[PDB]
$ cat target_22.cif   # mmCIF, C-alpha atoms
data_my_file
loop_
_atom_site.group_PDB
_atom_site.id
_atom_site.type_symbol
_atom_site.label_atom_id
_atom_site.label_comp_id
_atom_site.auth_asym_id
_atom_site.auth_seq_id
_atom_site.Cartn_x
_atom_site.Cartn_y
_atom_site.Cartn_z
ATOM 1 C CA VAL I 1 25.146 -22.077 -1.986
ATOM 2 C CA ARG I 2 24.081 -20.431 1.273
ATOM 3 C CA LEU I 3 21.967 -23.493 2.061
ATOM 4 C CA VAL I 4 24.635 -26.176 1.598
ATOM 5 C CA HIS I 5 27.882 -25.347 3.408
ATOM 6 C CA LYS I 6 30.010 -26.285 6.421
ATOM 7 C CA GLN I 7 29.499 -23.556 9.028
ATOM 8 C CA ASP I 8 29.505 -25.818 12.101
ATOM 9 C CA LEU I 9 26.032 -24.565 13.072
ATOM 10 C CA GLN I 10 22.369 -25.548 13.400
ATOM 11 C CA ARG I 11 20.346 -28.559 12.249
ATOM 12 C CA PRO I 12 17.805 -29.128 9.456
ATOM 13 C CA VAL I 13 14.362 -28.145 10.751
ATOM 14 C CA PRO I 14 11.869 -31.056 10.507
ATOM 15 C CA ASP I 15 9.043 -28.741 9.408
ATOM 16 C CA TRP I 16 10.997 -27.741 6.309
ATOM 17 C CA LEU I 17 12.643 -31.160 6.132
ATOM 18 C CA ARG I 18 9.328 -32.787 5.262
ATOM 19 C CA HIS I 19 8.505 -29.908 2.911
ATOM 20 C CA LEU I 20 11.694 -30.376 0.881
ATOM 21 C CA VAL I 21 13.461 -33.706 1.427
ATOM 22 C CA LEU I 22 10.170 -35.633 1.455
ATOM 23 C CA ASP I 23 7.346 -33.905 -0.424
ATOM 24 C CA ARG I 24 9.341 -31.776 -2.868
ATOM 25 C CA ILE I 25 11.636 -34.741 -3.512
ATOM 26 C CA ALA I 26 8.741 -36.886 -4.710
ATOM 27 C CA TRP I 27 7.318 -33.896 -6.576
ATOM 28 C CA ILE I 28 10.637 -33.310 -8.351
ATOM 29 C CA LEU I 29 11.299 -36.997 -9.011
ATOM 30 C CA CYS I 30 8.049 -37.230 -10.977
ATOM 31 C CA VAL I 31 41.347 -50.589 38.067
ATOM 32 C CA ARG I 32 42.871 -48.413 35.338
ATOM 33 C CA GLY I 33 41.796 -45.015 34.015
ATOM 34 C CA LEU I 34 42.372 -45.873 30.358
ATOM 35 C CA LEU I 35 38.648 -45.779 29.571
ATOM 36 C CA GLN I 36 38.264 -42.089 30.434
ATOM 37 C CA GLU I 37 40.742 -41.247 27.667
ATOM 38 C CA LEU I 38 39.113 -43.411 25.002
ATOM 39 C CA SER I 39 35.747 -41.926 25.941
ATOM 40 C CA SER I 40 37.089 -38.421 25.291
ATOM 41 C CA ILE I 41 38.713 -39.397 21.988
ATOM 42 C CA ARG I 42 35.468 -41.016 20.851
ATOM 43 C CA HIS I 43 33.718 -37.860 22.033
ATOM 44 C CA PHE I 44 35.795 -35.645 19.743
ATOM 45 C CA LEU I 45 35.300 -38.092 16.875
ATOM 46 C CA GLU I 46 31.506 -38.220 17.068
ATOM 47 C CA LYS I 47 31.571 -34.487 17.810
ATOM 48 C CA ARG I 48 32.961 -33.913 14.326
ATOM 49 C CA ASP I 49 30.919 -36.724 12.755
ATOM 50 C CA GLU I 50 27.648 -35.187 13.961
ATOM 51 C CA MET I 51 28.287 -31.825 12.302
ATOM 52 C CA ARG I 52 29.371 -33.729 9.203
ATOM 53 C CA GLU I 53 26.012 -35.534 9.125
ATOM 54 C CA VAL I 54 24.099 -32.283 9.627
ATOM 55 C CA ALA I 55 26.045 -30.718 6.767
ATOM 56 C CA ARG I 56 25.124 -33.805 4.738
ATOM 57 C CA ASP I 57 21.402 -33.283 5.356
ATOM 58 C CA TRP I 58 21.599 -29.583 4.509
ATOM 59 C CA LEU I 59 23.479 -30.665 1.387
ATOM 60 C CA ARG I 60 20.528 -32.901 0.503
ATOM 61 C CA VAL I 61 18.037 -30.058 0.966
ATOM 62 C CA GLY I 62 20.153 -27.606 -1.016
ATOM 63 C CA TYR I 63 20.593 -30.096 -3.844
ATOM 64 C CA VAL I 64 16.872 -30.860 -4.117
ATOM 65 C CA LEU I 65 15.966 -27.168 -4.142
ATOM 66 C CA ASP I 66 18.717 -26.454 -6.677
ATOM 67 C CA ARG I 67 17.466 -29.151 -9.055
ATOM 68 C CA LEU I 68 13.851 -27.996 -8.776
ATOM 69 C CA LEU I 69 14.775 -24.349 -9.369
ATOM 70 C CA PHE I 70 16.882 -25.527 -12.307
ATOM 71 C CA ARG I 71 13.797 -27.130 -13.836
ATOM 72 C CA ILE I 72 11.788 -23.954 -13.233
ATOM 73 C CA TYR I 73 14.444 -21.662 -14.723
ATOM 74 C CA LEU I 74 14.867 -23.892 -17.775
ATOM 75 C CA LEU I 75 11.126 -23.998 -18.455
ATOM 76 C CA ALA I 76 10.940 -20.224 -17.975
ATOM 77 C CA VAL I 77 13.685 -19.684 -20.551
ATOM 78 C CA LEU I 78 11.971 -22.005 -23.031
ATOM 79 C CA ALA I 79 8.609 -20.258 -22.588
ATOM 80 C CA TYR I 80 10.174 -16.812 -22.977
ATOM 81 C CA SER I 81 11.849 -18.096 -26.135
ATOM 82 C CA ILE I 82 8.629 -19.502 -27.626
ATOM 83 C CA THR I 83 6.903 -16.168 -26.983
ATOM 84 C CA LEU I 84 9.898 -14.512 -28.622
ATOM 85 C CA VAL I 85 9.610 -16.598 -31.792
ATOM 86 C CA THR I 86 5.816 -16.275 -31.990
ATOM 87 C CA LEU I 87 6.356 -12.505 -31.853
ATOM 88 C CA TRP I 88 9.073 -12.869 -34.488
ATOM 89 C CA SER I 89 6.584 -14.746 -36.661
ATOM 90 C CA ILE I 90 3.679 -12.313 -36.296
ATOM 91 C CA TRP I 91 5.779 -9.326 -37.449
ATOM 92 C CA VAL Y 1 35.551 -56.934 32.826
ATOM 93 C CA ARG Y 2 36.118 -53.600 31.078
ATOM 94 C CA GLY Y 3 34.016 -51.729 28.520
ATOM 95 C CA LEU Y 4 36.936 -50.538 26.401
ATOM 96 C CA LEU Y 5 35.863 -52.600 23.390
ATOM 97 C CA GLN Y 6 32.571 -50.735 22.964
ATOM 98 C CA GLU Y 7 34.589 -47.523 22.621
ATOM 99 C CA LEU Y 8 37.208 -48.855 20.204
ATOM 100 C CA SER Y 9 34.437 -50.346 18.083
ATOM 101 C CA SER Y 10 32.783 -46.929 17.783
ATOM 102 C CA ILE Y 11 36.044 -45.127 16.996
ATOM 103 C CA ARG Y 12 36.876 -47.699 14.326
ATOM 104 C CA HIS Y 13 33.312 -47.311 13.072
ATOM 105 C CA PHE Y 14 33.717 -43.565 12.512
ATOM 106 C CA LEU N 1 42.919 -34.487 19.430
ATOM 107 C CA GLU N 2 41.761 -31.800 21.873
ATOM 108 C CA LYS N 3 44.600 -29.546 20.724
ATOM 109 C CA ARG N 4 42.860 -29.243 17.362
ATOM 110 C CA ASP N 5 39.348 -29.396 18.841
ATOM 111 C CA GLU N 6 40.040 -26.347 21.029
ATOM 112 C CA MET N 7 41.173 -24.200 18.099
ATOM 113 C CA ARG N 8 38.114 -25.460 16.229
ATOM 114 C CA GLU N 9 35.886 -24.155 19.029
ATOM 115 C CA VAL N 10 37.699 -20.808 19.082
ATOM 116 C CA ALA N 11 37.298 -20.487 15.315
ATOM 117 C CA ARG N 12 33.628 -21.317 15.858
ATOM 118 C CA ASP N 13 33.234 -18.437 18.321
ATOM 119 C CA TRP N 14 35.018 -15.989 16.018
ATOM 120 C CA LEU N 15 32.704 -17.255 13.283
ATOM 121 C CA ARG N 16 29.730 -16.404 15.501
ATOM 122 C CA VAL N 17 31.004 -12.879 16.183
ATOM 123 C CA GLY N 18 31.840 -12.259 12.535
ATOM 124 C CA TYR N 19 28.428 -13.507 11.436
ATOM 125 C CA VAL N 20 26.526 -11.297 13.883
ATOM 126 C CA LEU N 21 28.517 -8.214 12.895
ATOM 127 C CA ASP N 22 28.082 -9.075 9.210
ATOM 128 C CA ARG N 23 24.302 -9.327 9.571
ATOM 129 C CA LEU N 24 24.102 -6.035 11.469
ATOM 130 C CA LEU N 25 26.251 -4.209 8.910
ATOM 131 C CA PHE N 26 24.073 -5.750 6.197
ATOM 132 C CA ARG N 27 21.014 -4.172 7.805
ATOM 133 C CA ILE N 28 22.817 -0.828 8.042
ATOM 134 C CA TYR N 29 24.008 -0.898 4.424
ATOM 135 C CA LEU N 30 20.553 -1.870 3.162
ATOM 136 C CA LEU N 31 18.849 0.958 5.053
ATOM 137 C CA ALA N 32 21.509 3.389 3.821
ATOM 138 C CA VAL N 33 20.863 2.375 0.213
ATOM 139 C CA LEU N 34 17.103 2.757 0.656
ATOM 140 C CA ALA N 35 17.500 6.211 2.218
ATOM 141 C CA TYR N 36 19.884 7.359 -0.520
ATOM 142 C CA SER N 37 17.364 6.117 -3.082
ATOM 143 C CA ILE N 38 14.398 7.886 -1.467
ATOM 144 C CA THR N 39 16.437 11.101 -1.431
ATOM 145 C CA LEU N 40 17.239 10.449 -5.086
ATOM 146 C CA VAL N 41 13.576 10.152 -6.087
ATOM 147 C CA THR N 42 12.494 13.065 -3.887
ATOM 148 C CA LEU N 43 15.084 15.096 -5.811
ATOM 149 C CA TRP N 44 13.790 13.633 -9.086
ATOM 150 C CA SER N 45 10.243 14.784 -8.317
ATOM 151 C CA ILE N 46 11.124 18.356 -7.313
#

$ encode --input "target_22.cif" --output "structure tokens"
Amino acid sequence: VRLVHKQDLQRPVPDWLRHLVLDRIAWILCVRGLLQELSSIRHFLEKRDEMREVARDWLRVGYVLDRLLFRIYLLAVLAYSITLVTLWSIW
Amino acid sequence: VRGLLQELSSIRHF
Amino acid sequence: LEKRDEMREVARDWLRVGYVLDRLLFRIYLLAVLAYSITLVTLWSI
């Protein structure tokens, strides 16, 4: 939940983008001055849109990691349980 | 000729 | 548009300040807990 969020900061690092969104994803899957105004409006629009896209990528990373860790936790619980019942059986 | 259309197209796009 | 964008930037700066302070105070609190704990165990041993 710290990974995926809208904090208006940063960008997903490529080094850990390949490690998660690429490798771990496959591993888990298996004359008038009117123009100067429009330019500024467009500027504000893409200014927001950019941060939205960054937040989208971080959302991707966070989701992949969350799913993988979910698999790990589930398997851990099942293993702990099977050890529990084998101990129940031996007594 | 004015380049206002290339701006409006982008705004509409977003 | 810029009326909102400006306030957004201001909120961003306050977010920066708040985050820095929060991290620093996190360091302080953590070290305080560790020190209190080491005093606890040094008392436990004696």

$ residues_around --input "target_22.cif" --residues "residue 66 of chain I" --least-positions-apart "5" --cutoff "10 Å" --atoms "all atoms listed in the file" --output "PyMOL selection string"
chain I and resi 1+3+60-61+71-72

$ residues_around --input "target_22.cif" --residues "segment 43-47 of chain I" --least-positions-apart "3" --cutoff "8 Å" --atoms "all atoms listed in the file" --output "number ranges by chain"
I: 39-40, 50-51; Y: 11, 14; N: 1-2, 5

$ write_last_selection --input "target_22.cif" --atoms "C-alpha atoms" --output "PDB file, in the coordinates of the input"
ATOM      1  CA  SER I  39      35.747 -41.926  25.941  1.00  0.00           C
ATOM      2  CA  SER I  40      37.089 -38.421  25.291  1.00  0.00           C
ATOM      3  CA  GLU I  50      27.648 -35.187  13.961  1.00  0.00           C
ATOM      4  CA  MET I  51      28.287 -31.825  12.302  1.00  0.00           C
TER       5      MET I  51
ATOM      6  CA  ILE Y  11      36.044 -45.127  16.996  1.00  0.00           C
ATOM      7  CA  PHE Y  14      33.717 -43.565  12.512  1.00  0.00           C
TER       8      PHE Y  14
ATOM      9  CA  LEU N   1      42.919 -34.487  19.430  1.00  0.00           C
ATOM     10  CA  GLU N   2      41.761 -31.800  21.873  1.00  0.00           C
ATOM     11  CA  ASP N   5      39.348 -29.396  18.841  1.00  0.00           C
TER      12      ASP N   5
END

$ resolve_selection --input "target_22.cif" --expression "the PyMOL selection byres ((chain N) within 12 of (chain I))" --output "list in words"
residues 1, 2, 3, 4, 5, 6, 8, 9, 10, 11, 12, 13, 14, 15, 16 and 19 of chain N

$ interface_residues --input "target_22.cif" --of "chain I" --to "chain Y" --cutoff "7 Å" --atoms "only C-alpha atoms" --output "VMD selection string"
chain I and resid 35 38 to 39 42

$ atom_distance --input "target_22.cif" --atom1 "atom CA of residue 74 of chain I" --atom2 "atom CA of residue 18 of chain I"
25.3 Å

$ atom_distance --input "target_22.cif" --atom1 "atom CA of residue 42 of chain N" --atom2 "atom CA of residue 24 of chain N"
27.1 Å

$ atom_distance --input "target_22.cif" --atom1 "atom CA of residue 63 of chain I" --atom2 "atom CA of residue 23 of chain N"
25.0 Å
